[PDB]
């Protein structure tokens, strides 16, 4: 009853799933789990001037995302990562920008945008040759170690680790540079998952293609191991204009595979793979920060 990841990906897509509430021009950078049988989605927001964050009211079907309440967080958690940390029975929301490069907060109730604890440092390091600094963290643990992965808008992917028993905690300043390519090839939006039923981990990285944003995939047998390109070109992407089946967007950008198990292992089921992504009208132009990004969901066609 186990499935493998395909070598070539083909998706079908929803249309735009929701419009930003009054005061925002974009919904972005989604992170999602299933919580009590419902979709639980955090994201960045943009007013065009600054980024903030929000959580949607829980909803059972993606087709009902359009009517879900949009609940602003009073303290911004830009480009968030949401998961349940089972060893301490606590929810974790990690994010960028504030007192430290990466930050996290904890909660016993992840549906509440303002029930999160005081911010704690997640990462305090700095990288070279980046206009942004550390960007788009994710967190993932195996049975032994908690890993931090992140990007730098500069062609590099970075990794840090600690024994799981030391988490929640600060990774500190140290990191490993694990991948290095052109800025376009390894840009941002990095995510890492355990492939359920396989001795395999899946990494996806957002790249800048000729036709728009797309994702390149890599696999590893271990979270500390080397990453092998999988579907890693614009013509044969993990997800992009070439294979999304989306008509409303030519961009497949920063989001999260749908995680049915909300825990720190970031486990995905290759038999029912879905991708909650951000896209935008091909006609939308202007300053990056003002782009009208919207949620969509891809469903893998097997």
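Positions refer to the first chain, counted from 1.
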Check: With respect to the recorded C-alpha B factors, which stretch has the higher mean value, 43 to 51 or 272 to 280?
Finding: 43 to 51
Item checked: Between 20 to 28 and 282 to 290 (mean CA B-factor, as deposited), the higher -> 282 to 290
Notebook entry, point to check: Per the coordinate record, which of the options 142, 112, 136, 206 holds the highest CA temperature factor?
Noted result: 112
Item checked: Top Cα B factor in the deposited entry, candidates 264, 253, 63, 247 -> 247
Notebook entry, point to check: What third of its chain, lowest, middle or highest, does the C-alpha temperature factor of residue 257 fall into?
Noted result: lowest
Check: Where does residue 212 sit by CA temperature factor within its chain: lowest, middle or highest third?
Finding: highest
Notebook entry, point to check: Among the modelled residues of its chain, does the C-alpha B-factor of residue 159 lie in the lowest, middle or highest third?
Noted result: lowest
Margin query: Considering every modelled residue of the chain and its Cα B-factor in the PDB entry, is residue 223 in the lowest, middle or highest third?
Written below: middle
Notebook entry, point to check: Going by what the PDB entry lists, where does residue 131 fall on CA B-factor within its chain: lowest, middle or highest third?
Noted result: highest
